[PDB]
Amino acid sequence: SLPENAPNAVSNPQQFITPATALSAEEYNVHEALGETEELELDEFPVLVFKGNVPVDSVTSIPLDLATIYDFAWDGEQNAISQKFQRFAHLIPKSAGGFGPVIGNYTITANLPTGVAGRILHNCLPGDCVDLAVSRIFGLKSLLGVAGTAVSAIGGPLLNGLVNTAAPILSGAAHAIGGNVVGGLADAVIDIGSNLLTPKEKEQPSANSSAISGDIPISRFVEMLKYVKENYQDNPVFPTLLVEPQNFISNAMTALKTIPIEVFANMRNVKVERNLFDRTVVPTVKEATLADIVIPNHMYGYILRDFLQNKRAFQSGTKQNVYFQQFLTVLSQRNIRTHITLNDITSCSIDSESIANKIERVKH
Amino acid sequence: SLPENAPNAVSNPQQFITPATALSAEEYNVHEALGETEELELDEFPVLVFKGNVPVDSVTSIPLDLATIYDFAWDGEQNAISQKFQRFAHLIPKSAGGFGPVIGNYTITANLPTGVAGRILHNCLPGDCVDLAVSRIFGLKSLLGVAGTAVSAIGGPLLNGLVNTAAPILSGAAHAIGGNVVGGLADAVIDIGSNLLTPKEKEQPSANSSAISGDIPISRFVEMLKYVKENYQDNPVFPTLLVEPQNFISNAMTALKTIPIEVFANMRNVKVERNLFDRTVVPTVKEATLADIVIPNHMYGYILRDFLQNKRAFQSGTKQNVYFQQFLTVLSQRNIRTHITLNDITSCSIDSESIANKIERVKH
Amino acid sequence: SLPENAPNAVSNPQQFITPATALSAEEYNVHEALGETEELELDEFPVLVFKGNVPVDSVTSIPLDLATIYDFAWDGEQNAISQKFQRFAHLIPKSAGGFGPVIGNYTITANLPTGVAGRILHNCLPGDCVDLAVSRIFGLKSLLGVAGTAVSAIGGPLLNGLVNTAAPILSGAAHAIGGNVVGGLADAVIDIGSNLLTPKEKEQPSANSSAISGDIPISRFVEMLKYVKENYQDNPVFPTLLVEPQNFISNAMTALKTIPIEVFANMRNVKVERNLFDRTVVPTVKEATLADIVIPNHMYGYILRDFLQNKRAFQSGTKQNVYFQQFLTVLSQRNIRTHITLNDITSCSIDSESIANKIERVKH
Amino acid sequence: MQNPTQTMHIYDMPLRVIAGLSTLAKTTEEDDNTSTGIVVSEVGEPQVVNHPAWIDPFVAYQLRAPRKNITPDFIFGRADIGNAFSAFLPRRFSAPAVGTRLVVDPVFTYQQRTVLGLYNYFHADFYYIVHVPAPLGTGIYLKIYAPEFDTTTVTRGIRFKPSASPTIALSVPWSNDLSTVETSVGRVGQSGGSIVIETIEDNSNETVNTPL
């Protein structure tokens, strides 16, 4: 499933704000003829990966590490995506895209009243290139400058980021008082491969809800998706979702901050192999929060270069100069391991000021 | 009526947020070739089952006990659904769904101005599995984790939870000043079995109103629906509607609480048998409020287990720890009967604190 | 004109909230082959019958007595409907509906900003059954319990109760700056009998405006509509419009009260006979307000019974107990006439309290 | 492959009535009591019943509508007893007063209680033959129906005059919201196989020994 549509040579500006990621998928190195498709009903539950408030005019990272992921719409220990990583050793992507092999989609949704109005920039970078993720988080670069970025305007008078399910019962709710159940069942049984409207979500459009969604790529060198958690700190595989709310004014023409959103995810694009029994080392889902980000050893000079080619990171009192003094301090620390964390570049101490942080770093 | 549409194998994500409840109906044990269809005009009045305010970010139970139900849109003693239980002994469901045999639909509606915006999660569990109902009420589990849950976004700029009737007169209101009566009559006489738009509710859509609706299942072991009120406290049959309003912010970006909704219901999917005269023991519709919930004797360890596999129910000061100390106290009481009520786990006293409530319970 | 469409046996719940009023029209006793159709251009002016504020969660009576009716959109003595009753003795309805012969339609309209949102219940009972009118006015019964009630949600993001005319000039306004005149002329000359959209009100829908309308029935025993004003106080013929605004919250989630609406009416479904000259007794249109309601002598025990089967009318401090003590006082008065007025059951004095009002009434 | 079903045979039917009653009609064409006035039936005209424990066929009034009776077979153990060791067993009752009510509870033979005692759950259908011998000055008018929930509830049944049709016969199928009740317990509120006899009038002589 989850096809590979061929675009045109030139992208039409009325649909896309960036060029296309590629004109063909990138299915080398992935061993697609290897597993066995395993469609159980547990795969059809989505996962509430992120829920909460998100600051306006700042890129927010959502580390989308599906092996150790937590579900905020469920109180249990495992969920629909992480139990798939408990049961099997090998997960094999079905198809691919312009970034890498792709294993799922995400969905951003936000129920807003009509008195606020803004827009959302979103992109999901594979994690083979985490520099482009981290440079966007630190305010050094914007999301509009990398291919694959979409813009969706949640306001509104606008029916964009919204979820409408219409329950999967065999009755279809044919005796409903004062209105029609739109797109539920006993309208159309639209296939997962096809992409159509039912017939009733063509004149409704409150229940049609043009979604804010992308895909979940992994990385373009692995053959399958065997998770070890020591190897993926050295060569990361799982992607990172980048979200940026831009304008968001109120009816008093006052710029808002910290809007509420929530992100759903599913992984319905994989094949399985090597079913495992009574194992000891498990992928250890962290309770109640998240994963963080891993910056490996060979990514340091790429993060270092992007601060240096930024005129705003040198002047004091700005947000980029805070991260850059926190970045130079962590490089002068003592690391027994071969990677640092984004949280280490947020909860660190401070010195004075920029140049002496670099002279002490070329000696260490 | 009220058909049984066959879905696809994999549910399309643009319509459904959960997997399908089943791929076929579950019409074993129900004796469909037994009654006689009885279509009187009183069946075409819906019943306002619930009306009032409902708290945000908390699952609200609506016990949908149709034998003893009250109508808030009518002041009389009986109504359209409960008089059907007065007149006959046996009610026979026509068709079935993924949960059980199904006897009707509900409809949630809410007239909101454009300055507030949220979403609604709703599901209607059969009552053969009341543990999944009660675990969701107590905040132990969410509605997104069980099959059949729909999500509808009432805001809004959105035309979702709304009722438009357009009166059933034979004139059709053909002399109306300044506008067309949409979908009333002298447009189309759309059948109850078919699911179409008239021709005038295709370009109107203010009067089309994509509904928030599900179905009313009963239970998968009974042969018909003979109501005794002593047997249904031991093996419950009637379902429970679970409603959860999620976000609901205002134009000041302030989270609301306690939104107003109201719920309609109908039972137009049954056959009748065994017409009864001058009876003494009647199903006793309770005036002006509701039914409550019955938790039978064989459901205690299922409620007990779900508190134990919840990390939030053990820490003090939270909402789940209040219910769990109220649950352990009621099990240490004296019950002459073989069931407890959800109201007994709300209006109970308190002790100190968790562990000593369980040591005194293993002795009783 | 104004046809008689045949509905299905079972009403579809996505369009209707009540059962159908009848499956056939009720054209006995009306002498349709009697008059002569008289289409003058004065008939194509609607009448603003009601204008003003209307309280929320209370049924508001609009006595729709077309012989003596006042127009609030015109300052003159007569209007489009009442001059028809000046000129002729006999008015003959063309066609009929489930209630009675029908002579016109009404239209409720309300221009609301997007920051408030509610719903409207409306029904127009013939006046052969004024008990069902008066029981709804006094809060004893709701509009959802009688056949023919429609529900329309004015909010909004919703384009429901709105009037768009697009002036009847022969030019069609073909030179209009920056937009198209929708449905005026030089689009389509849609017939009064047909029910179509032009072609331009199919993609506009701001100018399509799904209307809030019903019909104006009279009564099922008269042969024609000879108005005497003494006979219609004993056996009333003209209908009564019942309007109920339900929820109506603001952006501060605060329940409103007293919304503004206005009601249009027309009578374009009649035939005339017996043209009258230099008459003395005229139907006397009352200046600047309205008619009231007439409750005849044989309707007393029907109003009396509905208070008695209401548990809320006996407890003190409620609105229904105020009317019931005012109803029992008027029955103990001295009536030289054979009917009472609804205004007599509003502007009356008070006693103490309920039971002694009834013991003094069984003696008078 | 299913474990095989085994059959046992019973041979010649203990307590079989081999000389029946002459007042009970064998075919529907020889029965017109509904037509003139003798039987006032609200459940239809009587249909022909063939049963092995009674020698000749007889017409019976269907007090409940005939059905198929789903038998769930998922647990271990199943048996079709099926008219084996089956008999029409008689009992005498006095006719009640005009206000009161008589409930006849069903009975069954010793050999049916033994074989059905090897199992836990059952269902069955029932038949009744009511005979009121009416000597001379009999003006009784009776009423028979099936009880439903409690003591006062009345359903559709038959009314008849025993002076002109002394024997009446009935057919009571299994109607319950649970198939296969427990044998010794039953469901609360069930009908079972009970019938209800009620006296409407007593227009008899002074010489007739009443409570007949």
# chains A, B, ... in the order shown; residues from 1 in each chain; ligands from 1
$ residues_around --residues "residue D:141" --least-positions-apart "4" --cutoff "12 Å" --atoms "only C-alpha atoms" --output "ChimeraX atom specification"
/D:37-40,95-98,132,134,158-166,197-204,212
$ write_last_selection --atoms "C-alpha atoms" --output "PDB file, in the first residue's frame"
ATOM      1  CA  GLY D  37     -70.568 -18.946  18.668  1.00  0.00           C
ATOM      2  CA  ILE D  38     -69.063 -21.764  20.683  1.00  0.00           C
ATOM      3  CA  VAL D  39     -65.381 -20.824  20.596  1.00  0.00           C
ATOM      4  CA  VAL D  40     -64.374 -17.165  20.485  1.00  0.00           C
ATOM      5  CA  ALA D  95     -63.103 -24.369  38.094  1.00  0.00           C
ATOM      6  CA  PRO D  96     -62.210 -21.082  39.818  1.00  0.00           C
ATOM      7  CA  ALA D  97     -64.545 -18.306  40.869  1.00  0.00           C
ATOM      8  CA  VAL D  98     -65.228 -15.358  38.576  1.00  0.00           C
ATOM      9  CA  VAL D 132     -64.893 -30.283  30.901  1.00  0.00           C
ATOM     10  CA  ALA D 134     -70.960 -30.814  31.050  1.00  0.00           C
ATOM     11  CA  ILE D 158     -59.608 -18.485  23.548  1.00  0.00           C
ATOM     12  CA  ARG D 159     -63.033 -18.336  25.154  1.00  0.00           C
ATOM     13  CA  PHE D 160     -65.312 -21.338  24.853  1.00  0.00           C
ATOM     14  CA  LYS D 161     -68.546 -22.943  26.024  1.00  0.00           C
ATOM     15  CA  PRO D 162     -68.046 -26.482  27.400  1.00  0.00           C
ATOM     16  CA  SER D 163     -71.692 -27.458  26.966  1.00  0.00           C
ATOM     17  CA  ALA D 164     -71.316 -27.514  23.181  1.00  0.00           C
ATOM     18  CA  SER D 165     -67.584 -28.243  22.816  1.00  0.00           C
ATOM     19  CA  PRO D 166     -66.508 -30.211  25.889  1.00  0.00           C
ATOM     20  CA  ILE D 197     -57.815 -21.022  33.108  1.00  0.00           C
ATOM     21  CA  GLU D 198     -60.326 -18.374  34.136  1.00  0.00           C
ATOM     22  CA  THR D 199     -64.087 -18.539  34.685  1.00  0.00           C
ATOM     23  CA  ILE D 200     -66.037 -15.789  32.939  1.00  0.00           C
ATOM     24  CA  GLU D 201     -69.630 -16.669  33.816  1.00  0.00           C
ATOM     25  CA  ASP D 202     -71.701 -19.264  35.666  1.00  0.00           C
ATOM     26  CA  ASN D 203     -75.113 -19.518  33.998  1.00  0.00           C
ATOM     27  CA  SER D 204     -75.917 -22.988  35.308  1.00  0.00           C
ATOM     28  CA  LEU D 212     -67.362 -28.138  38.217  1.00  0.00           C
TER      29      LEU D 212
END
$ residues_around --residues "residue A:63" --least-positions-apart "3" --cutoff "10 Å" --atoms "only C-alpha atoms" --output "MDAnalysis selection string"
chainID A and resid 49:50 60 66 69 124 127 238:242 290:294
$ closest_residue --among "B:304, B:143, B:169, B:362" --to "chain A" --atoms "only C-alpha atoms"
B:143
$ interface_residues --of "chain B" --to "chain D" --cutoff "10 Å" --atoms "only C-alpha atoms" --output "ChimeraX atom specification"
/B:28-31,33-35,89-92,221-231,273-282
$ residues_around --residues "residue A:40" --least-positions-apart "4" --cutoff "10 Å" --atoms "only C-alpha atoms" --output "number ranges by chain"
A: 44; B: 10, 19
$ interface_residues --of "chain A" --to "chain B" --cutoff "7 Å" --atoms "only C-alpha atoms" --output "ChimeraX atom specification"
/A:41,44-46,73-75,111-116,156-159,162-187,189-192,203-204,206-207,250
$ write_last_selection --atoms "C-alpha atoms" --output "mmCIF file, in the first residue's frame"
data_model
loop_
_atom_site.group_PDB
_atom_site.id
_atom_site.type_symbol
_atom_site.label_atom_id
_atom_site.label_comp_id
_atom_site.auth_asym_id
_atom_site.auth_seq_id
_atom_site.Cartn_x
_atom_site.Cartn_y
_atom_site.Cartn_z
ATOM 1 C CA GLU A 41 -6.759 -5.218 13.706
ATOM 2 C CA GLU A 44 -5.783 0.264 12.740
ATOM 3 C CA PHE A 45 -5.554 2.217 16.003
ATOM 4 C CA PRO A 46 -3.691 5.521 15.588
ATOM 5 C CA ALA A 73 -4.612 8.494 24.120
ATOM 6 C CA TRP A 74 -4.009 5.249 26.017
ATOM 7 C CA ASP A 75 -2.869 4.492 29.541
ATOM 8 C CA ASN A 111 -9.844 22.445 17.147
ATOM 9 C CA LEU A 112 -9.891 26.241 17.068
ATOM 10 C CA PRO A 113 -12.740 28.739 17.418
ATOM 11 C CA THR A 114 -13.291 31.290 14.700
ATOM 12 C CA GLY A 115 -11.750 34.188 16.625
ATOM 13 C CA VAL A 116 -8.099 33.209 16.109
ATOM 14 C CA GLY A 156 -10.694 30.285 10.861
ATOM 15 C CA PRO A 157 -13.619 30.311 8.704
ATOM 16 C CA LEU A 158 -11.467 27.372 7.554
ATOM 17 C CA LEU A 159 -12.224 23.671 7.921
ATOM 18 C CA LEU A 162 -10.044 18.578 12.025
ATOM 19 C CA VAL A 163 -10.874 14.923 12.657
ATOM 20 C CA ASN A 164 -14.222 13.318 11.804
ATOM 21 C CA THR A 165 -14.531 9.569 12.240
ATOM 22 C CA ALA A 166 -18.198 8.458 11.873
ATOM 23 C CA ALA A 167 -18.069 5.139 13.853
ATOM 24 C CA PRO A 168 -17.380 1.731 12.109
ATOM 25 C CA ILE A 169 -20.619 -0.037 12.885
ATOM 26 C CA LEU A 170 -22.372 -2.358 10.459
ATOM 27 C CA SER A 171 -25.679 -0.524 10.874
ATOM 28 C CA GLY A 172 -24.401 2.665 9.273
ATOM 29 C CA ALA A 173 -26.661 4.659 11.648
ATOM 30 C CA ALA A 174 -29.472 4.639 9.111
ATOM 31 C CA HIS A 175 -31.976 5.945 11.686
ATOM 32 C CA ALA A 176 -30.346 9.225 12.656
ATOM 33 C CA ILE A 177 -32.419 12.207 13.713
ATOM 34 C CA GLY A 178 -32.117 15.362 11.666
ATOM 35 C CA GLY A 179 -29.025 14.664 9.626
ATOM 36 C CA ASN A 180 -26.883 12.211 7.706
ATOM 37 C CA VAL A 181 -23.830 10.399 8.991
ATOM 38 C CA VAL A 182 -21.224 11.495 6.480
ATOM 39 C CA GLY A 183 -18.822 8.930 5.121
ATOM 40 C CA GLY A 184 -19.368 6.386 7.850
ATOM 41 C CA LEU A 185 -20.766 3.250 6.213
ATOM 42 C CA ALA A 186 -23.879 2.574 4.141
ATOM 43 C CA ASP A 187 -22.594 5.470 2.055
ATOM 44 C CA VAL A 189 -16.791 1.485 1.622
ATOM 45 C CA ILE A 190 -13.933 3.481 0.010
ATOM 46 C CA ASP A 191 -10.803 1.356 -0.282
ATOM 47 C CA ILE A 192 -7.525 2.004 1.488
ATOM 48 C CA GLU A 203 -21.599 18.429 -0.490
ATOM 49 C CA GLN A 204 -21.145 18.364 3.295
ATOM 50 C CA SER A 206 -17.808 20.354 7.315
ATOM 51 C CA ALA A 207 -17.186 16.604 7.584
ATOM 52 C CA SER A 250 -6.775 37.246 17.759
#
$ select_by_dssp --residues "stretch 61-162 of chain A" --states "strand (DSSP E)" --output "number ranges by chain"
A: 61-63, 88-93, 95-96, 101-109, 120-125, 150-152
$ residues_around --residues "stretch 50-60 of chain D" --least-positions-apart "6" --cutoff "10 Å" --atoms "only C-alpha atoms" --output "PyMOL selection string"
chain D and resi 13-21+24-28+30-31+83-88+127-129+168-172
